[PDB]
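Worksheet: one structure, shown below.
Letters A, B, ... are given to chains in the order of the sequence lines, protein chains preceding strands, and every chain is numbered from 1.
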2 protein chains.
Amino acid sequence: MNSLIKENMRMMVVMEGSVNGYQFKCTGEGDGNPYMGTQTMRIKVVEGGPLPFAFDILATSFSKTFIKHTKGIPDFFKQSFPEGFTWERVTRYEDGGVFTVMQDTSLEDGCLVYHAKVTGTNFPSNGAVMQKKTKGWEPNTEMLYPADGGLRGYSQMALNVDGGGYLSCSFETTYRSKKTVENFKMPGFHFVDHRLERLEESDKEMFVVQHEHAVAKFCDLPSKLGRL
Amino acid sequence: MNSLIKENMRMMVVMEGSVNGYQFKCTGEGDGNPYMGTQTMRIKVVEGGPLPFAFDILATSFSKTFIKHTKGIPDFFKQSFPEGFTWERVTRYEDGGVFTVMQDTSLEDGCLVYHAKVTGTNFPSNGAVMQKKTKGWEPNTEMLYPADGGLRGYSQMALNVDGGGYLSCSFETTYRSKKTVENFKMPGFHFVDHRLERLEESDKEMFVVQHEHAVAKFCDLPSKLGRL
């Protein structure tokens, strides 16, 4: 309902960085329905492939404009255009892996443009990520509230691994709008349900197709205090 | 649908421990509708009151039998009777407070009986908890999966504070059944939505009434992979 965010939008991304020292670069292009909360991206590893670590640890770093907003929840991301927004995140893994990201989101000639700078370290050589024994993420519920002149999110995610168990992680995200705070409506406390899925891959994950469904919502449960 | 867990059940609790060294003891009694996911408890501070820290940090330690289970999710807790279950948890606060709990849940003469041993430390003297500037929890979504011969949960919660912002925390819980694993159905990966609310208080929180609504569920979002 921002005139610049159409019911169908394209996006492209460049990701550069390293994991455990292993330098790489990826590019991607995709499209989605921003108001329906759906999107698809086709990603290529263009430098350093095939990568010696699980592509799953990169998956959350490739698109916040495509969240369906329900109930009365203002859309931090769609309201930000044309100025756009940034996000920064630190993910911590249960077996010691760490992944840090700085992301810029812009709009140019009608297409969303993403740059992600990423740094991963301390993934154990014996672990599912460096042995490529990982098998995709579960859905998850992000918890958000305004903080520090931006929007803070907190996430906890479970990564399936070979044999049938899970590797957990958590992250904190700080989302920042390039539009001045006086010129958009800030949301309050809310949730975003996510379901990040891999649809296709080839060539030892040198090509990956990912999809996300995402919906901003309140907790569905009734309240004894008349609270959202 | 365990014959020992009736549609209305009573419970009683004893909590003993300390926070920042401050010893205390609480007792409580309540009742609820286990299959509806609702419960109410009336709690008294019987030693050490009035407490010099926010009662809100004790709130999650006072009842897992009262979760409404949807879809196909076996109920770890209701299946455990008559043997019962335990839980252990470590909560970590964003301003450094830490709270550790060991809990036993039994059934005696038709009433649920809880014992919670709690230890809290490193709450800052300047913080909302020790200045009693806290104003109740937001709802939250716990993420669970079987692990270590038990059920693991991961939670992240936001505590309202005076002035309008939040103090965040996270915790990991290990739930263990006293019934042998061969004799009940273990759930898979799932979520529990919670809404823990304070309804009444008196006497500088020497008396507190709390309510919880809790529902076990899958993520509501559609999947491109035919997954729950």
Practice task
Look at atom CE of A/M206 and say whether more than 12 heavy atoms of other residues, nucleotides or ligands are closer to it than 6.0 Å.
Solution key: yes
Exercise for the section: Heavy-atom distances under 4.5 Å only: say whether B/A147 touches chain A with side chain, backbone, both or neither. Expected result: neither
Problem - Toward chain B: residues of residues 159-186 of chain A with heavy atoms under 4.5 Å - result: A/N160, A/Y166, A/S168
Handout entry: Greatest number of heavy atom pairs closer than 4.5 Å to chain A - which of B/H213, B/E138, B/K217, B/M157
Key = B/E138
Handout entry: Exercise: identify the closest heavy-atom pair between A/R227 and B/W137
Key = NH1-O, 4.2 Å
Practice task
Check whether B/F191 gets within reach of chain A through its side chain, its backbone, both or neither, counting any heavy atom under 4.5 Å.
Solution key: side chain
Exercise for the section: Please list, chain by chain and in numerical order, all residues satisfying side chain to side chain donor-acceptor pair (under 3.5 Å) with A/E94, sequence neighbours excluded. Expected result: B/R152
Practice task
Please flag which part of A/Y145 lies under 4.5 Å from any non-hydrogen atom of chain B: side chain, backbone, both or neither.
Solution key: side chain
Completion exercise
Bottom line for A/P222: the part with an atom under 4.5 Å from chain B's heavy atoms is both
Practice task
Sorted by first residue and then second, give each salt bridge (charged side-chain N to carboxylate O under 4.0 Å, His left out) pair with at least one member in residues 68-80 of chain B; sequence neighbours left out.
Solution key: B/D75-B/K78
Practice task
Could you have a look at B/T141, B/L228, B/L225 and say which one has the most heavy-atom pairs with chain A under 4.5 angstrom?
Solution key: B/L225
Completion exercise
Assert top hit (heavy-atom pairs under 4.5 Å, partner chain B, pool A/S155, A/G37, A/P146) equals A/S155
Handout entry: Contact listing (chain B partner; residues 193-201 of chain A; heavy atom under 4.5 Å)
Key = A/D193, A/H194, A/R195, A/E197, A/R198, A/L199
Completion exercise
Counting heavy-atom pairs under 4.5 angstrom with chain B, the leader among A/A158, A/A214, A/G136 is A/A158
Problem - Segment of A/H211 engaging chain B (4.5 angstrom heavy-atom cut-off) - result: side chain
